[PDB]
8 protein chains.
Amino acid sequence: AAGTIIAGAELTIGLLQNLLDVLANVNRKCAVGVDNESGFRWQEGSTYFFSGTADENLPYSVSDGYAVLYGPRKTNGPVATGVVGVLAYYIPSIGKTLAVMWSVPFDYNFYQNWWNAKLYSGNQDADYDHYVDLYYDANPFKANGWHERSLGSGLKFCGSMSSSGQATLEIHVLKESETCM
Amino acid sequence: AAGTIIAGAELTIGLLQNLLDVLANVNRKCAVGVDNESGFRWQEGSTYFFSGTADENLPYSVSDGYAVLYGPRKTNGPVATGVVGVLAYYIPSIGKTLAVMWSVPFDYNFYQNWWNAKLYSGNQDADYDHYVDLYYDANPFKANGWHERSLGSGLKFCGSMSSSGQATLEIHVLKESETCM
Amino acid sequence: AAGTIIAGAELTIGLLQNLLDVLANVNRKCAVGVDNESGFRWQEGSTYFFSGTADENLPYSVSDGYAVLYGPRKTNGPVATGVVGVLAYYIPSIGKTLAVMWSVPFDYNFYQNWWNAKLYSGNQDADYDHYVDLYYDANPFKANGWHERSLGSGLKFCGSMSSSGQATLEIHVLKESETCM
Amino acid sequence: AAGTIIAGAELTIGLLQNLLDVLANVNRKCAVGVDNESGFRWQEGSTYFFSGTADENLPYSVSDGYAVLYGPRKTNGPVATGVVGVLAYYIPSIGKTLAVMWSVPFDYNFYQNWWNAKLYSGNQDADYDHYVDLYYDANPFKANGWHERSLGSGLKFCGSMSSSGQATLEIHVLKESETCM
Amino acid sequence: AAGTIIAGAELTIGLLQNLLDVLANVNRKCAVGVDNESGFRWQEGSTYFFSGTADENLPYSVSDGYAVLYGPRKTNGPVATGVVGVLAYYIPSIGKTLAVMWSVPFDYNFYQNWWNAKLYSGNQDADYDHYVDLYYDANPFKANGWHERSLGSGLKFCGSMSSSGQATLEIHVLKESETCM
Amino acid sequence: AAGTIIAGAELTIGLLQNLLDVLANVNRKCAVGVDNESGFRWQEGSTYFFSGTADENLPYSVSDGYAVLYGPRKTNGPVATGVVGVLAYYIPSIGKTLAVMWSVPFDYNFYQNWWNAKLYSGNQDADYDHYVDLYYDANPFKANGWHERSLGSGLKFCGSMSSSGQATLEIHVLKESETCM
Amino acid sequence: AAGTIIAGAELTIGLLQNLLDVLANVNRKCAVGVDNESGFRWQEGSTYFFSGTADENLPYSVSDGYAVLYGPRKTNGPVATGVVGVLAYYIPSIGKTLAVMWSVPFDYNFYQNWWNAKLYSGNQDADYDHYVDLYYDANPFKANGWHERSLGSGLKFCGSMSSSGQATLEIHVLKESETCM
Amino acid sequence: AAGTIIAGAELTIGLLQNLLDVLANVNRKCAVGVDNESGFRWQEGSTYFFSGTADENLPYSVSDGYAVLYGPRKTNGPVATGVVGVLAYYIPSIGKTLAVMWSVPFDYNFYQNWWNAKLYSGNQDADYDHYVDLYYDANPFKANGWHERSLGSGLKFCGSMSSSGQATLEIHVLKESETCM
């Protein structure tokens with residue numbers, strides 16, 4: 001009697017372990033290259049994750065002519081969330097903090113890759129209120145080739161994001177007088 | 001009684017997991033080499049995908065004597081769609097944008113590899129209306145050896161596409177006075 | 001009752017998946033080396049496939065003292081067709097097109113490896129009517145060692161084909177005054 | 001009768017071996033880099049683990065301009081505990097001991113990565129009372145980018161921790177007069 | 001009823017797939033080294049297979065002090081035939097063709113490795129009538145160490161064959177005045 | 001009837017082979033580095049194992065400025081014992097023998113890593129009575145960072161042990177006048 | 001009824017395939033090094049196998065100060081026979097042939113490794129009558145270290161054989177005036 | 001009826017194949033390094049095995065300042081015997097033979113590693129009567145660190161053996177005037 005009820009448990013557990021091995025093996029990541037051609041040194045590298053993590057620290061500071069390379073990724077195991085976060089640096093030469101946001105979803109049926117960058121007044125930690133401002137209020141970019149925008153304070157950026165789910169985000173931060181790389 | 005009805009579920013799930021592992025493991029890609037011998041610098045690399053994605057960015061710009069190497073691919077998982085997209089660059093020295101299209105289908109029973117290239121007036125992002133113009137209205141080429149065509153504005157291209165489903169697309173963009181590589 | 005009818009479906013699907021894995025894993029290819037010792041530059045590399053594909057382009061042109069290396073192969077999956085095709089180049093110094101044909105069958109019970117080469121008047125794309133002329137009307141060669149023939153127009157070729165199903169085709173195109181390599 | 005009761009034992013043992021293989025294969029570690037820019041030699045490297053172990057010794061001493069690299073990790077087998085510990089060194093030039101704490105949990109539903117550093121009066125071994133002081137009483141830092149704090153005695157540190165579960169902890173110990181690396 | 005008749009089909013197919021995997025994995029080959037110390041250039045390399053194939057061409061010609069290296073092999077799949085063939089070259093300096101034969105059977109219960117070499121009058125393709133002459137009428141050698149024989153026309157050969165089923169055949173063709181290598 | 005009693009034997013043997021494969025694959029070892037900075041040559045390297053073995057010999061002697069590297073390990077197979085042993089050397093320049101002890105248990109529920117070192121009067125082989133003296137009577141050290149102690153006879157040691165179960169033991173033997181490495 | 005008779009066929013075929021995979025995977029070989037320090041050139045390398053084969057030829061000749069390296073092996077598949085054979089060379093400077101014999105059995109319950117060497121009058125092929133003379137009539141050596149014997153004609157040999165079943169046979173052939181290597 | 005009797009045969013054969021795969025995979029070996037610092041050349045390397053074999057020959061001779069490296073091992077397959085043997089060399093400068101014995105058992109419940117060395121009068125082959133003398137009558141050494149003993153005839157040895165079952169045996173043979181390495 002109950003034997004085939006175990007057979008029903010076996011079919012259920014077989015389907016469930018296949019689900020959890022799929023949600024575990026689905027990989028999402030961003031390579032986040034942010035290149036400082038701005039003429040100003042950046043410091044106090046701060047990070048926030050709405051989703052995901054990174055296995056490495058930011059550089060403490062970024063002098064002129066050097067890049068942040070950062071490798072944020074999806075949480076291990078069957079978590080079903082993408083990579084979504086902010087990185088921010090203080091720029092003491094202008095009294096403002098540069099923040100950069102990326103979103104690399106789990107579910108491309110409802111979401112797509114987005115990125116943004118902006119300056120905020122004073123020294124600020126990266127947190128949820130920068131994520132909300134960069135992702136909803138400050139008009140982020142799609143992962144559909146190169147885009148350029150002013151930051152204010154004599155600075156500018158150009159950047160692009162791959163549209164895949166293992167995405168490269170590249171940003172060059174420049175003075176307004178300079179041609180994008 | 002219901003036991004063999006589980007046996008029917010097992011035969012169904014066995015056939016379905018084999019289908020999804022086949023549609024997952026079928027690989028489609030284009031290597032898209034576009035070589036700038038045109039005498040003019042290209043900028044603001046823009047991309048559109050009707051199907052597929054790429055794990056890398058375009059170069060921001062392409063100076064004379066250098067090539068775009070770009071590796072667009074099918075979406076991961078059992079998606080059953082090929083690679084189909086446009087890449088476009090602004091050419092400020094002539095006030096026009098060069099666009100390049102490729103199609104590398106999933107289903108070779110109904111489709112084949114196609115490519116095209118053209119100039120459009122002014123700076124334009126790559127999007128669906130360039131895909132429709134390059135794929136239906138502007139007479140694309142089959143993947144059957146080398147073809148050559150004028151762009152207007154003193155420019156020309158020659159290119160070819162492999163007919164496989166892991167295709168190489170090679171295009172040389174030239175001045176009208178030059179012999180194709 | 002129907003249980004063993006599933007057992008009959010299991011025996012059928014087991015035999016069928018073994019068939020499709022055999023027809024998938026059977027590999028057919030030609031390495032097609034065509035060496036230009038003719039004293040004339042070749043251009044506008046054109047290709048036709050009756051069966052199979054290649055993952056690479058032809059060279060656009062072939063200057064004197066250089067070779068076309070081309071790697072046509074069977075279609076992936078359980079297709080049960082070999083490699084069969086034409087490659088052709090225009091020779092502007094004589095106003096004719098050199099075409100080369102190879103056939104590397106799936107089914108050696110009914111077919112064998114064949115190759116041929118000829119000049120045609122004017123610039124022509126490779127297509128089915130060159131395949132029919134080279135394979136039926138123009139007396140192709142078996143894969144049984146080296147053969148030599150005149151092209152007309154002061155040119156000659158010598159070539160050979162391996163008889164295997166992963167065949168090397170080597171052709172040297174020469175002036176009539178020259179000893180085959 | 002009892003046969004299917006063995007079937008119940010088989011379903012139970014199958015679920016349990018999968019649990020123990022998951023809790024075994026879940027990996028937690030900290031790479032603990034502590035860099036001595038303090039102008040003073042450190043000695044008598046001491047360690048405490050609340051959870052986990054390391055496969056290597058501390059350096060006995062750390063001269064000025066050199067770093068402790070230490071690789072503490074989770075206990076092998078299905079232990080279900082993270083990495084949590086203290087490392088401490090005596091600084092004879094000031095008569096105090098520098099301690100550094102990290103926590104890299106097993107269970108991110110209830111815990112997160114934390115770190116701290118402080119000076120204690122006299123030579124002291126690392127033990128549980130330093131763990132309690134550094135983790136509860138002395139206000140530890142989250143793994144959310146770079147932080148800086150004074151130690152007293154003319155010394156300062158800046159450091160950061162990755163938020164992952166295979167975390168990098170980097171600390172630079174500096175004189176109060178110096179800019180963080 | 002018919003259920004165990006499927007059981008009989010399963011035992012039959014299990015025994016048959018093991019047979020076909022054995023006949024497929026049994027490997028037979030000859031490495032055929034023929035070294036030209038004869039003082040005369042050889043040309044128009046011709047080949048015949050009674051059994052097997054090769055994945056490479058002969059050299060078109062063999063100048064004095066150089067060797068034919070050729071790698072004939074058994075047909076892929078469960079074919080149950082060995083390697084058996086002739087290679088032949090024209091020697092225009094004497095008006096004769098050198099032929100070399102090897103046999104490397106599938107079935108060592110009924111056959112063994114044999115080889116032979118001879119000169120024939122005029123230019124001739126390798127075919128079945130050379131195989132019959134070299135294997136039955138012209139007294140071939142066993143694979144039992146080095147043998148030497150005159151060709152006529154001032155030429156001689158010494159050679160040996162391994163007796164294995166992955167055999168090396170080595171032949172040195174010499175002038176009658178020379179000591180075998 | 002007895003059929004399911006075989007089923008009970010199968011469940012028993014399945015659980016037992018999993019136990020013996022776990023107790024076999026659990027690895028315990030010590031890397032035992034003992035560094036001679038003592039100014040005196042050591043000789044007649046002697047060893048005792050209470051548990052475990054080593055696949056290598058001691059050096060016969062250790063001159064000043066050189067180290068014993070020794071790799072004692074758990075016995076292969078499902079033995080359920082750790083590594084526990086003594087190594088000893090005669091020091092003829094002082095008429096005493098240096099012994100070093102380590103313990104690296106199998107069962108960390110009841111035991112932990114311990115080490116010790118001492119001088120004994122005259123030449124003595126390492127045996128069980130040195131193990132008892134070093135492990136119970138002579139106050140061994142825990143694997144919790146660096147420790148230092150006098151040997152008498154003008155000599156001193158500092159050392160540390162990793163607390164893992166694949167432990168590094170490092171000892172520096174020094175003159176009383178010297179600062180520990 | 002007949003169902004369990006198939007079960008009896010399954011137990012029989014399972015035991016038989018395990019037997020044939022054991023008799024197939026059991027490897028027997030000899031590395032046969034014969035070193036010519038004799039002052040005389042050897043020629044016309046001849047071989048006989050009572051059991052086994054080799055994948056390589058002998059050298060045609062062996063000049064003074066050079067060695068025959070030869071790698072005879074067991075027949076592939078479940079043959080249940082060892083390696084047993086003779087190699088022989090003509091020595092024209094003395095008008096005699098040196099033969100060397102080795103035996104490397106399959107069945108060490110009834111046999112052991114043996115080797116021998118001798119000179120025979122005139123040029124002779126290696127065959128069964130040399131095997132019988134070297135293995136029964138001419139007192140062969142066991143594989144139990146180095147042995148030395150005179151050949152007559154001013155020559156001597158020393159040699160040894162490993163006693164394993166993947167044996168090295170080393171022989172130095174010397175003049176009677178020389179000390180064995 | 002007899003069906004479950006086959007089930008009893010399956011449980012028996014399953015337990016037996018696991019036994020034979022364990023007794024096959026258990027590896028026993030000795031690396032036997034014997035170093036000649038004796039001032040006298042050794043010759044005619046002889047070997048005896050009570051258990052095991054070696055895949056290599058001894059050196060024929062050992063000049064002063066060179067070592068015998070020899071790698072005796074357990075017999076392949078499920079033999080359940082260790083490595084036990086003698087190696088011996090003649091020393092013509094003193095008219096005696098040096099023999100060395102090692103024992104590396106299969107069964108450490110009843111046996112342990114032993115070694116010995118001695119000189120015997122005149123040239124003698126290694127055989128069972130040297131094994132009996134070296135293992136029972138001449139007081140062998142345990143594998144418990146370095147030991148030293150006189151040979152007579154102005155010679156001495158020091159040596160050690162690892163206690164594992166993949167043991168290193170190292171022996172230095174010296175003149176009585178020399179300090180052990």
# chains A, B, ... in the order shown; residues from 1 in each chain; ligands from 1
>>> select_by_dssp(residues="chain B", states="helix (DSSP H, G or I)", output="MDAnalysis selection string")
chainID B and resid 3:25 128:137
>>> closest_residue(among="A:40, A:146, A:131, A:49", to="chain B", atoms="only C-alpha atoms")
A:146
>>> closest_residue(among="F:56, F:37, F:10, F:127", to="chain D", atoms="only C-alpha atoms")
F:10
>>> select_by_dssp(residues="chain B", states="strand (DSSP E)", output="PyMOL selection string")
chain B and resi 29-37+42-51+61-62+66-70+83-91+96-104+114-121+141-142+147-152+155-161+166-175
